[PDB]
$ cat entry-v2.txt   # compact mmCIF, C-alpha atoms
# COMPACT_ATOMS: atom_id res chain seq x y z
CA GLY I 58 39.12 -11.97 -28.82
CA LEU I 59 36.70 -10.14 -31.10
CA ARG I 60 38.79 -6.96 -31.02
CA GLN I 61 42.01 -8.89 -31.65
CA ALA I 62 40.36 -10.77 -34.52
CA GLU I 63 39.26 -7.48 -36.06
CA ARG I 64 42.85 -6.24 -35.88
CA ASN I 65 44.06 -9.49 -37.48
CA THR I 66 41.49 -9.00 -40.25
CA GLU I 67 42.87 -5.51 -40.85
CA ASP I 68 46.41 -6.92 -40.98
CA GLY I 69 45.42 -9.53 -43.57
CA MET I 70 43.56 -6.92 -45.60
CA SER I 71 46.68 -4.75 -45.67
CA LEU I 72 48.79 -7.75 -46.71
CA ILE I 73 46.59 -8.60 -49.69
CA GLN I 74 46.36 -4.91 -50.63
CA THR I 75 50.16 -4.82 -50.77
CA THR I 76 50.13 -7.96 -52.92
CA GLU I 77 47.67 -6.41 -55.38
CA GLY I 78 49.71 -3.22 -55.52
CA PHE I 79 52.78 -5.29 -56.36
CA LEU I 80 50.88 -7.14 -59.10
CA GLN I 81 49.75 -3.86 -60.70
CA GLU I 82 53.25 -3.02 -61.97
CA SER I 83 53.82 -6.54 -63.32
CA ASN I 84 50.52 -6.31 -65.20
CA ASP I 85 51.56 -2.98 -66.73
CA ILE I 86 54.98 -4.33 -67.75
CA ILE I 87 53.47 -7.43 -69.36
CA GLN I 88 51.01 -5.25 -71.29
CA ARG I 89 53.91 -3.11 -72.52
CA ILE I 90 55.75 -6.23 -73.69
CA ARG I 91 52.57 -7.33 -75.48
CA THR I 92 52.41 -3.99 -77.31
CA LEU I 93 56.09 -4.35 -78.23
CA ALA I 94 55.46 -7.86 -79.58
CA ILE I 95 52.53 -6.61 -81.67
CA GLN I 96 54.68 -3.80 -83.08
CA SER I 97 57.66 -6.07 -83.80
CA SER I 98 55.69 -8.48 -86.02
CA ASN I 99 55.53 -5.91 -88.84
CA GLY I 100 57.56 -6.68 -91.95
CA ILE I 101 59.34 -3.33 -92.29
CA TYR I 102 61.83 -3.93 -89.47
CA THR I 103 65.24 -5.52 -89.98
CA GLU I 104 67.06 -7.92 -87.66
CA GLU I 105 68.97 -5.08 -85.96
CA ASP I 106 65.79 -3.04 -85.49
CA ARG I 107 64.12 -6.07 -83.92
CA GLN I 108 67.15 -6.52 -81.66
CA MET I 109 66.79 -2.95 -80.37
CA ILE I 110 63.35 -3.74 -78.95
CA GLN I 111 64.55 -7.21 -77.92
CA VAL I 112 66.91 -5.35 -75.58
CA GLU I 113 63.95 -3.53 -74.03
CA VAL I 114 62.04 -6.81 -73.77
CA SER I 115 64.98 -8.33 -71.89
CA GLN I 116 65.09 -5.34 -69.54
CA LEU I 117 61.36 -5.59 -68.85
CA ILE I 118 61.59 -9.34 -68.18
CA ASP I 119 64.45 -8.64 -65.77
CA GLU I 120 62.22 -6.06 -64.06
CA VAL I 121 59.42 -8.63 -63.75
CA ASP I 122 61.84 -11.12 -62.20
CA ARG I 123 63.05 -8.41 -59.81
CA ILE I 124 59.45 -7.71 -58.80
CA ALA I 125 58.80 -11.41 -58.20
CA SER I 126 61.97 -11.97 -56.16
CA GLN I 127 61.83 -8.70 -54.18
CA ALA I 128 58.15 -8.05 -53.41
CA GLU I 129 57.55 -8.82 -49.74
CA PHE I 130 55.40 -7.89 -46.76
CA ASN I 131 56.66 -8.09 -43.17
CA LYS I 132 59.93 -9.91 -43.96
CA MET I 133 58.02 -12.54 -45.96
CA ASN I 134 58.13 -12.92 -49.73
CA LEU I 135 54.75 -13.05 -51.47
CA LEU I 136 55.18 -13.64 -55.22
CA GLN I 137 57.92 -16.29 -54.95
CA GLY I 138 55.32 -19.05 -54.58
CA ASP I 139 55.89 -20.09 -50.96
CA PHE I 140 52.15 -19.50 -50.37
CA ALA I 141 51.04 -21.42 -53.46
CA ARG I 142 48.37 -24.12 -53.59
CA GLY I 143 50.73 -27.10 -53.64
CA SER I 144 53.69 -25.38 -52.01
CA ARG I 145 55.24 -27.24 -49.08
CA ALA I 146 57.20 -24.14 -48.00
CA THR I 147 54.52 -22.51 -45.84
CA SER I 148 50.80 -21.82 -45.51
CA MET I 149 49.25 -18.47 -44.60
CA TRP I 150 46.19 -18.27 -42.35
CA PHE I 151 44.24 -15.23 -41.15
CA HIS I 152 42.73 -15.69 -37.70
CA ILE I 153 39.32 -14.09 -38.16
CA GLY I 154 37.43 -15.38 -35.14
CA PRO I 155 37.73 -15.05 -31.36
CA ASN I 156 37.99 -18.80 -30.66
CA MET I 157 40.08 -21.76 -31.76
CA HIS I 158 40.23 -23.04 -35.35
CA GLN I 159 38.59 -19.88 -36.72
CA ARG I 160 41.27 -19.33 -39.38
CA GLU I 161 40.98 -19.02 -43.16
CA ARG I 162 43.63 -20.16 -45.63
CA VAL I 163 44.78 -17.86 -48.43
CA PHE I 164 46.76 -18.75 -51.55
CA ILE I 165 49.21 -16.64 -53.55
CA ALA I 166 50.43 -18.31 -56.72
CA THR I 167 53.93 -18.20 -58.16
CA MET I 168 54.48 -15.02 -60.18
CA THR I 169 58.06 -15.48 -61.36
CA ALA I 170 58.84 -14.85 -65.02
CA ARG I 171 59.43 -18.59 -65.35
CA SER I 172 55.88 -19.27 -64.17
CA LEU I 173 54.54 -16.69 -66.65
CA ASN I 174 56.34 -18.54 -69.50
CA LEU I 175 58.38 -15.40 -70.26
CA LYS I 176 61.49 -17.52 -69.57
CA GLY I 177 62.00 -21.19 -70.30
CA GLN I 178 63.33 -23.69 -67.80
CA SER I 179 66.74 -23.42 -69.51
CA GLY I 180 66.86 -19.75 -68.49
CA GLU I 181 66.37 -18.39 -72.02
CA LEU I 182 64.26 -15.24 -72.11
CA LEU I 183 61.29 -14.70 -74.39
CA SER I 184 62.90 -13.69 -77.68
CA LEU I 185 61.36 -11.28 -80.20
CA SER I 186 64.29 -11.11 -82.63
CA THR I 187 62.31 -12.69 -85.49
CA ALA I 188 58.98 -11.80 -87.09
CA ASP I 189 57.43 -15.24 -86.62
CA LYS I 190 58.72 -15.48 -83.05
CA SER I 191 56.87 -12.26 -82.21
CA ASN I 192 53.57 -13.79 -83.32
CA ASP I 193 54.08 -16.82 -81.07
CA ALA I 194 54.97 -14.47 -78.21
CA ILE I 195 51.55 -12.78 -78.24
CA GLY I 196 49.90 -15.99 -77.04
CA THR I 197 52.40 -16.27 -74.19
CA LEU I 198 51.74 -12.67 -73.14
CA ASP I 199 47.99 -13.30 -73.31
CA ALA I 200 48.41 -16.31 -71.02
CA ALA I 201 50.50 -14.22 -68.62
CA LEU I 202 47.82 -11.51 -68.64
CA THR I 203 45.19 -14.16 -67.89
CA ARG I 204 47.22 -15.46 -64.94
CA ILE I 205 47.77 -11.96 -63.55
CA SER I 206 44.10 -11.02 -63.92
CA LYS I 207 43.01 -14.25 -62.24
CA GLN I 208 45.33 -13.56 -59.31
CA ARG I 209 43.98 -10.01 -59.08
CA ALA I 210 40.42 -11.38 -59.00
CA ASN I 211 41.39 -13.82 -56.24
CA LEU I 212 42.88 -11.00 -54.18
CA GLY I 213 39.81 -8.82 -54.75
CA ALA I 214 37.54 -11.63 -53.56
CA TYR I 215 39.72 -11.94 -50.47
CA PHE I 216 39.44 -8.16 -50.04
CA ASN I 217 35.64 -8.21 -50.08
CA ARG I 218 35.42 -11.25 -47.80
CA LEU I 219 37.78 -9.76 -45.21
CA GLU I 220 35.92 -6.43 -45.33
CA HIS I 221 32.63 -8.21 -44.63
CA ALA I 222 34.30 -10.17 -41.83
CA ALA I 223 35.65 -6.97 -40.28
CA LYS I 224 32.22 -5.32 -40.29
CA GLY I 225 30.63 -8.43 -38.78
CA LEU I 226 33.31 -8.64 -36.09
CA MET I 227 32.82 -4.98 -35.18
CA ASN I 228 29.06 -5.47 -34.85
CA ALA I 229 29.53 -8.65 -32.81
CA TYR I 230 31.97 -6.90 -30.48
CA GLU I 231 29.52 -4.04 -29.97
CA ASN I 232 26.65 -6.40 -29.13
CA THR I 233 28.76 -8.60 -26.86
CA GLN I 234 30.13 -5.61 -24.94
CA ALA I 235 26.61 -4.21 -24.58
CA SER I 236 25.35 -7.49 -23.12
CA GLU I 237 28.38 -7.84 -20.83
CA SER I 238 27.84 -4.32 -19.50
CA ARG I 239 24.17 -5.19 -19.03
CA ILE I 240 25.06 -8.19 -16.86
CA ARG I 241 28.17 -6.79 -15.11
CA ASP I 242 28.06 -2.98 -14.84
CA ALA I 243 26.18 -1.58 -11.86
CA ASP I 244 23.49 1.07 -12.30
CA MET I 245 24.44 4.11 -10.24
CA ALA I 246 20.91 5.54 -10.37
CA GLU I 247 19.45 2.84 -8.09
CA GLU I 248 22.67 2.03 -6.26
CA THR I 249 22.71 5.62 -4.98
CA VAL I 250 19.19 5.40 -3.52
CA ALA I 251 20.01 2.03 -1.97
CA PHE I 252 23.15 3.56 -0.47
CA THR I 253 21.22 6.56 0.86
CA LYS I 254 18.60 4.32 2.46
CA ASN I 255 21.34 2.27 4.14
CA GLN I 256 23.18 5.46 5.17
CA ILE I 257 20.04 6.86 6.80
CA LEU I 258 19.24 3.64 8.67
CA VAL I 259 22.77 3.66 10.10
CA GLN I 260 22.45 6.92 12.02
CA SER I 261 18.88 6.05 12.97
CA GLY I 262 20.36 2.94 14.57
CA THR I 263 23.17 4.90 16.21
CA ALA I 264 20.65 7.33 17.71
CA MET I 265 18.54 4.45 19.00
CA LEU I 266 21.61 2.72 20.45
CA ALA I 267 22.65 5.93 22.21
CA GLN I 268 19.13 6.28 23.61
CA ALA I 269 19.16 2.66 24.81
CA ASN I 270 22.58 3.04 26.44
CA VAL I 271 21.28 5.69 28.87
CA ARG I 272 18.12 3.68 29.57
CA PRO I 273 19.26 1.83 32.75
CA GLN I 274 20.29 5.11 34.42
CA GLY I 275 16.75 5.54 35.77
CA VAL I 276 17.25 2.64 38.19
CA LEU I 277 19.72 4.80 40.13
CA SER I 278 16.84 6.96 41.41
CA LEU I 279 15.62 4.40 43.96
CA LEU I 280 19.08 3.21 45.06
CA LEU E 226 58.06 1.68 -55.32
CA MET E 227 55.58 4.53 -54.86
CA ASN E 228 52.70 2.05 -54.70
CA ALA E 229 54.58 -0.21 -52.28
CA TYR E 230 55.43 2.75 -50.05
CA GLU E 231 51.79 3.84 -49.96
CA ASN E 232 50.58 0.35 -49.02
CA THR E 233 53.33 -0.17 -46.43
CA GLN E 234 52.67 3.20 -44.78
CA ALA E 235 48.96 2.39 -44.66
CA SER E 236 49.72 -0.95 -42.99
CA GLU E 237 52.05 0.67 -40.45
CA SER E 238 49.46 3.33 -39.65
CA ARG E 239 46.92 0.57 -39.07
CA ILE E 240 49.33 -1.22 -36.71
CA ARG E 241 50.91 1.77 -34.98
CA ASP E 242 48.61 4.79 -35.22
CA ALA E 243 45.56 4.99 -32.97
CA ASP E 244 41.91 5.93 -33.41
CA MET E 245 41.06 9.20 -31.69
CA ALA E 246 37.30 8.69 -31.34
CA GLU E 247 37.41 5.36 -29.49
CA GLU E 248 40.31 6.58 -27.36
CA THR E 249 38.42 9.74 -26.43
CA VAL E 250 35.28 7.82 -25.42
CA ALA E 251 37.50 5.58 -23.29
CA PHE E 252 39.09 8.71 -21.80
CA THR E 253 35.66 10.16 -21.02
CA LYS E 254 34.48 6.95 -19.36
CA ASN E 255 37.63 6.76 -17.24
CA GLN E 256 37.32 10.43 -16.26
CA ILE E 257 33.72 9.85 -15.18
CA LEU E 258 34.79 6.80 -13.17
CA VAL E 259 37.56 8.80 -11.46
CA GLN E 260 35.16 11.63 -10.60
CA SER E 261 32.61 9.19 -9.18
CA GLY E 262 35.27 7.37 -7.16
CA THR E 263 36.71 10.49 -5.57
CA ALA E 264 33.25 11.95 -4.95
CA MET E 265 32.15 8.79 -3.16
CA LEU E 266 35.41 8.54 -1.19
CA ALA E 267 34.94 12.12 0.03
CA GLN E 268 31.97 10.79 2.04
CA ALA E 269 33.34 7.27 2.57
CA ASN E 270 36.03 8.71 4.85
CA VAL E 271 33.36 10.42 7.00
CA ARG E 272 31.59 7.18 8.06
CA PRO E 273 33.56 6.73 11.33
CA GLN E 274 32.41 10.18 12.47
CA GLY E 275 29.02 8.70 13.36
CA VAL E 276 30.45 6.54 16.15
CA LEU E 277 31.47 9.71 18.02
CA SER E 278 27.83 10.35 19.00
CA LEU E 279 28.13 7.34 21.33
CA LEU E 280 30.75 9.20 23.39
$ encode --input "entry-v2.txt" --output "C-alpha cells"
Amino acid sequence: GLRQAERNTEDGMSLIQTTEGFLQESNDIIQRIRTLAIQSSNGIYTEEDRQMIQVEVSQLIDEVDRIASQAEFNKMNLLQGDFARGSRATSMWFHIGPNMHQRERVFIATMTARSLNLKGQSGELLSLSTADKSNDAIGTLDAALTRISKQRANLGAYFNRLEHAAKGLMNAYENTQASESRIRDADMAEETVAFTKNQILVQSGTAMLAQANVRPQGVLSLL
Amino acid sequence: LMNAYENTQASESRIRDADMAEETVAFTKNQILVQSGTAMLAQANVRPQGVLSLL
C-alpha cells in the first residue's frame, strides 16, 4: 500500500504540474492584453486604430477560451470548473496513504474567459474600441491576473505538500520493509550451522543404527 | 503545446518507464536467491544416499 500510495502521489503531482503549465500560457496572454489596454488608452489613436488592436484582443480572448475548454489531463478537463469548490460535477481526491480514508481533496477553479470577466454573460467580449473603455479594462485584467496568480499559488502549495508526502511515504516504506524482513526473512548465517549440525547428527545416527542392527548376531555363536 | 507535451511526456514516463536502480537491486536479490536455492538443492538430492549404508 505504501508503494502504491507513493505512485498515486506521483500521479497527482504530475496532474497539478500539467495544470500549472496550462495556466502559464493564460497568464502570459492576459498580461499581453493588459499591455495592449495600457497602450490603447493614449489619445493619439483614432477609432480605426483602436479597432485594429481590438481585433488582436478578440483573438487573444478566443485563445484563452480555447485553453480553458481544451486543457485536459487523462481524458478529464481541468480548467472548465468541474473540480471547483462548489461544483457538483465531480470531486478529485489523491489517495496518499496505504489504508482507507487516507485521501486529500484538491480544488481547481473555473478558468474560462467568462469567469475572468473578459466576457460578459451575454457573450460580449471585453471591448477596447474606446479610450475610456480601455481604462476600465485595466481593472478587469488586474482582477484576472490576481485570480490566475492565486490559482498558481494554490497549485504550488499542492506541489510542495505532495512532494513532502512522497518523501515521507518512501521513508515509511523503507522502514516498514526493513522491519518486515527483520521479522520474516531467515538468517542464512545461523541457519547453515543449524543445518550442518542436523546433517552431522543424521549420519551419526545411521552409523549407530547400522551398528545396532548387527548386534544380535553374537547370539548365534552358542546356538 | 510545447509545455503541455513536456508535462504529458513526463507523466507518461512516470507511469510507464521504470527505475533501473531499484530493478537492478531486485534482480541481484533474485539472482542470489536462485544461486542459494540451486546450491542447496545440489545437496538436498543426496540425502537418500545415506540410507544405503544400512544395506
$ atom_distance --input "entry-v2.txt" --atom1 "CA of residue 255 in chain E" --atom2 "CA of residue 229 in chain I"
23.4 Å
$ residues_around --input "entry-v2.txt" --residues "residue 94 in chain I" --least-positions-apart "6" --cutoff "12 Å" --atoms "only C-alpha atoms" --output "PyMOL selection string"
chain I and resi 87-88+107-108+110-111+113-114+183-199
$ interface_residues --input "entry-v2.txt" --of "chain E" --to "chain I" --cutoff "12 Å" --atoms "only C-alpha atoms" --output "CSV table (one decimal) with C-alpha atoms, in the frame of the given file"
chain,number,residue,atom,x,y,z
E,226,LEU,CA,58.1,1.7,-55.3
E,227,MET,CA,55.6,4.5,-54.9
E,228,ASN,CA,52.7,2.0,-54.7
E,229,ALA,CA,54.6,-0.2,-52.3
E,230,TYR,CA,55.4,2.8,-50.0
E,231,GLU,CA,51.8,3.8,-50.0
E,232,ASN,CA,50.6,0.4,-49.0
E,233,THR,CA,53.3,-0.2,-46.4
E,234,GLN,CA,52.7,3.2,-44.8
E,235,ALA,CA,49.0,2.4,-44.7
E,236,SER,CA,49.7,-1.0,-43.0
E,237,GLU,CA,52.0,0.7,-40.4
E,238,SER,CA,49.5,3.3,-39.6
E,239,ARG,CA,46.9,0.6,-39.1
E,240,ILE,CA,49.3,-1.2,-36.7
E,241,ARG,CA,50.9,1.8,-35.0
E,243,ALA,CA,45.6,5.0,-33.0
E,257,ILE,CA,33.7,9.8,-15.2
E,258,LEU,CA,34.8,6.8,-13.2
E,261,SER,CA,32.6,9.2,-9.2
E,262,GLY,CA,35.3,7.4,-7.2
E,265,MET,CA,32.2,8.8,-3.2
E,268,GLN,CA,32.0,10.8,2.0
E,269,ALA,CA,33.3,7.3,2.6
E,271,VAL,CA,33.4,10.4,7.0
E,272,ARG,CA,31.6,7.2,8.1
E,273,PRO,CA,33.6,6.7,11.3
E,274,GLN,CA,32.4,10.2,12.5
E,275,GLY,CA,29.0,8.7,13.4
E,276,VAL,CA,30.4,6.5,16.2
E,277,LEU,CA,31.5,9.7,18.0
E,278,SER,CA,27.8,10.4,19.0
E,279,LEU,CA,28.1,7.3,21.3
E,280,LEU,CA,30.8,9.2,23.4
$ residues_around --input "entry-v2.txt" --residues "range 117-125 of chain I" --least-positions-apart "5" --cutoff "10 Å" --atoms "only C-alpha atoms" --output "PyMOL selection string"
chain I and resi 79-80+82-84+86-87+89-90+111-112+134-138+167-171+173+175-176+182-183
$ atom_distance --input "entry-v2.txt" --atom1 "CA of residue 141 in chain I" --atom2 "CA of residue 225 in chain I"
28.3 Å
$ decode --input "entry-v2.txt" --residues "range 128-261 of chain I" --atoms "C-alpha atoms" --output "compact mmCIF listing (two decimals), in the first residue's frame"
# COMPACT_ATOMS: atom_id res chain seq x y z
CA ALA I 128 -6.78 21.83 -21.44
CA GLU I 129 -7.12 18.33 -20.02
CA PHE I 130 -5.19 15.55 -18.29
CA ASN I 131 -6.04 11.86 -18.75
CA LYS I 132 -9.33 12.40 -20.63
CA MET I 133 -10.52 14.81 -17.92
CA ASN I 134 -10.89 18.56 -18.34
CA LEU I 135 -9.20 20.69 -15.68
CA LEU I 136 -9.91 24.39 -16.25
CA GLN I 137 -13.62 24.01 -17.11
CA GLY I 138 -14.57 24.15 -13.43
CA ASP I 139 -15.76 20.59 -12.84
CA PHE I 140 -13.27 20.39 -9.94
CA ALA I 141 -14.29 23.73 -8.43
CA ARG I 142 -15.16 24.38 -4.79
CA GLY I 143 -18.93 24.37 -5.20
CA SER I 144 -19.05 22.28 -8.36
CA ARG I 145 -21.47 19.34 -8.26
CA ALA I 146 -19.89 17.81 -11.39
CA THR I 147 -17.09 15.86 -9.70
CA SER I 148 -14.52 15.92 -6.91
CA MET I 149 -10.86 14.94 -7.26
CA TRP I 150 -9.07 13.05 -4.48
CA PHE I 151 -5.45 11.85 -4.28
CA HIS I 152 -5.05 8.65 -2.29
CA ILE I 153 -1.88 9.38 -0.35
CA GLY I 154 -1.97 6.71 2.34
CA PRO I 155 -1.86 2.91 2.44
CA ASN I 156 -5.17 2.48 4.30
CA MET I 157 -8.79 3.54 3.96
CA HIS I 158 -9.94 7.18 4.01
CA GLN I 159 -6.39 8.49 3.52
CA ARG I 160 -7.35 10.77 0.61
CA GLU I 161 -6.92 14.51 0.16
CA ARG I 162 -9.29 16.74 -1.79
CA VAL I 163 -7.95 19.20 -4.37
CA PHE I 164 -9.75 22.13 -5.98
CA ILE I 165 -9.27 23.66 -9.43
CA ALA I 166 -11.33 26.79 -10.02
CA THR I 167 -13.10 27.80 -13.21
CA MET I 168 -10.70 29.49 -15.62
CA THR I 169 -12.99 30.28 -18.55
CA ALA I 170 -12.87 33.76 -20.04
CA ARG I 171 -16.35 34.31 -18.61
CA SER I 172 -15.03 33.61 -15.11
CA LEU I 173 -12.13 36.02 -15.70
CA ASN I 174 -14.64 38.77 -16.63
CA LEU I 175 -13.07 39.04 -20.10
CA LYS I 176 -16.52 38.17 -21.49
CA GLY I 177 -19.90 39.11 -20.09
CA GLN I 178 -22.74 36.67 -19.53
CA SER I 179 -24.32 37.94 -22.76
CA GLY I 180 -21.28 36.64 -24.66
CA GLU I 181 -19.86 40.08 -25.46
CA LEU I 182 -16.07 40.18 -25.37
CA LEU I 183 -14.02 42.74 -23.48
CA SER I 184 -14.02 45.73 -25.83
CA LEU I 185 -11.15 48.22 -26.16
CA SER I 186 -12.57 50.28 -29.05
CA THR I 187 -12.84 53.46 -26.94
CA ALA I 188 -10.30 55.37 -24.86
CA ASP I 189 -12.39 55.34 -21.68
CA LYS I 190 -13.29 51.67 -22.13
CA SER I 191 -9.58 50.81 -22.17
CA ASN I 192 -9.11 52.42 -18.74
CA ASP I 193 -11.95 50.36 -17.26
CA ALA I 194 -10.44 47.24 -18.85
CA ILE I 195 -7.19 47.54 -16.88
CA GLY I 196 -9.03 46.79 -13.64
CA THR I 197 -10.61 43.70 -15.18
CA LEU I 198 -7.22 42.46 -16.38
CA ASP I 199 -5.75 43.12 -12.93
CA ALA I 200 -8.53 41.03 -11.38
CA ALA I 201 -7.87 38.25 -13.90
CA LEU I 202 -4.16 38.37 -13.08
CA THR I 203 -4.99 38.15 -9.38
CA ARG I 204 -7.18 35.09 -9.98
CA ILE I 205 -4.52 33.38 -12.10
CA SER I 206 -1.76 34.10 -9.57
CA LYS I 207 -3.92 32.81 -6.71
CA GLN I 208 -4.58 29.58 -8.62
CA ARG I 209 -0.86 29.24 -9.32
CA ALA I 210 -0.12 29.68 -5.61
CA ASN I 211 -2.71 27.03 -4.75
CA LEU I 212 -1.12 24.60 -7.20
CA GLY I 213 2.36 25.35 -5.85
CA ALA I 214 1.20 24.66 -2.31
CA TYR I 215 -0.24 21.36 -3.54
CA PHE I 216 3.11 20.68 -5.24
CA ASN I 217 5.09 21.17 -2.03
CA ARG I 218 2.63 19.17 0.08
CA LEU I 219 2.63 16.21 -2.32
CA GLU I 220 6.43 16.29 -2.54
CA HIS I 221 6.68 16.12 1.25
CA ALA I 222 4.12 13.31 1.27
CA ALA I 223 6.11 11.36 -1.32
CA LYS I 224 9.33 11.65 0.68
CA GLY I 225 7.55 10.58 3.85
CA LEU I 226 5.93 7.62 2.10
CA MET I 227 9.29 6.49 0.71
CA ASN I 228 10.88 6.64 4.16
CA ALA I 229 7.93 4.81 5.73
CA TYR I 230 8.11 2.09 3.09
CA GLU I 231 11.83 1.65 3.70
CA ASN I 232 11.37 1.34 7.47
CA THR I 233 8.37 -1.00 7.18
CA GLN I 234 10.16 -3.28 4.72
CA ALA I 235 13.23 -3.33 6.98
CA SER I 236 11.12 -4.38 9.97
CA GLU I 237 9.20 -6.98 7.93
CA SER I 238 12.46 -8.51 6.71
CA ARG I 239 13.69 -8.47 10.32
CA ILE I 240 10.66 -10.50 11.46
CA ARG I 241 10.19 -12.70 8.36
CA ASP I 242 13.46 -13.24 6.47
CA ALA I 243 15.65 -16.08 7.73
CA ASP I 244 19.32 -15.53 8.52
CA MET I 245 21.38 -17.92 6.41
CA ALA I 246 24.48 -17.49 8.59
CA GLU I 247 22.97 -19.36 11.55
CA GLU I 248 20.56 -21.49 9.54
CA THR I 249 23.57 -23.04 7.80
CA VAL I 250 25.26 -24.06 11.06
CA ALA I 251 21.97 -25.43 12.37
CA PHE I 252 21.58 -27.40 9.14
CA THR I 253 25.14 -28.72 9.36
CA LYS I 254 24.64 -29.83 12.96
CA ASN I 255 21.45 -31.66 11.98
CA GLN I 256 23.16 -33.14 8.90
CA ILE I 257 26.01 -34.48 11.02
CA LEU I 258 23.71 -36.00 13.65
CA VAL I 259 21.84 -37.83 10.88
CA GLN I 260 24.76 -39.95 9.70
CA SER I 261 25.93 -40.40 13.28
